[PDB]
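First, one chain by itself: the form solved without its partner chain, in structure tokens.
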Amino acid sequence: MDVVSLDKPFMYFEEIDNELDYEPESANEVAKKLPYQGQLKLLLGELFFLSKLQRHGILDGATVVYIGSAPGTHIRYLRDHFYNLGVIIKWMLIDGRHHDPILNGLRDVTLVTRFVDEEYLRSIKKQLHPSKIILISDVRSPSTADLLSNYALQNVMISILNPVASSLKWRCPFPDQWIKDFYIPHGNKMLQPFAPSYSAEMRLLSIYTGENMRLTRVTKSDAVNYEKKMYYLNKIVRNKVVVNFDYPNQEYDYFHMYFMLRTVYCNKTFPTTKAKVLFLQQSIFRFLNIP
């Protein structure tokens, strides 16, 4: 058994302190070990991001514009959690695909069946005006060209919407499939527990101050670094059993999930952080129907 004692898990890309030459045969290995693992991955990252904004006083009163939200099954959980906490938020879920019917019938959540383009962003900006916007993007086109086009749309989302904060889907293209350098918004590169086994995807979290928008250039050399750091994390780290972690499940992803969940606010009061987390996790798995 692959055991280890760990202090804390890697929360951000910048924390990864080692690399491994990516082995292409990894792409054939089992990508998921849990049912609805994708909704779980998304729920944890978004609970983490949104709890932070609450902590900074920027959540209440905002309109969350989630683009690429369908099916969005897990979003029902997110909405319920903050709604029950007394936070006032309007949700605007936009996707050309249809949403899970559990999202219907909520006065605070608007479902839009539209694929967004720059022009549409302008009209909804005019319509949301003057509410404060929090953007969440999870749009999916694959190719490096598909990715670049996605990233380009995400930047137009921020420029037209001009949100107070954003969570963007972010996976650096493969260095060996490089087309050209580009810019992404500056922000924290949040690592994702329960991402597929060999996924190099993270979520870019940003809070906008003043009227400045800071971007950062990404080059092929950066692409090689992302690939190796993420491969090391996936191959080595995520395969660990954290024995000094006294919790029902000691696998790395549960240790990692624990650290994101401990930052979440609950109405119920708990004697220990471990009790709150077990509760949130049980609650989350029950909601998603994960045994």
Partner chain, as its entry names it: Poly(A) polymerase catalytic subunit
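Numbering follows the first chain given and starts at 1.
This protein has a second form, the form deposited with its partner chain bound, left out of what is shown; the following refers to that one.
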(Q) Quick check for you: of 65-73, 52-60, 234-242, 38-46, which stretch puts a non-hydrogen atom within 4.5 Å of its partner chain in the deposited bound form? (A) 52-60
Q. Looking in the deposited bound form, is its partner chain within 4.5 angstroms of a heavy atom from every one of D100, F285 and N289?
A. no
Q | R214, heavy atom within 4.5 angstroms of its partner chain in the deposited bound form | A | yes
Q.
Taking its partner chain as it sits in the deposited bound form, is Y247 in contact with it (heavy atom to heavy atom, 4.5 Å or less)?
A. no
(Q) Can you tell me if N225 lies within 4.5 angstroms of its partner chain in the deposited bound form, counting non-hydrogen atoms only? (A) no
Q.
At 4.5 Å between heavy atoms, is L34 in contact with its partner chain in the deposited bound form?
A. no
Q) Using a 4.5 Å cut on heavy atoms, which of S123, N104, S141, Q177 is close to its partner chain in the deposited bound form? A) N104
Q) Of the residues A145, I207, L153, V112, which one places a heavy atom within 4.5 Å of its partner chain in the deposited bound form? A) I207
Q | Residues in 247-271 with any heavy atom within 4.5 Å of its partner chain in the deposited bound form | A | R262, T263, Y265, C266, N267, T269
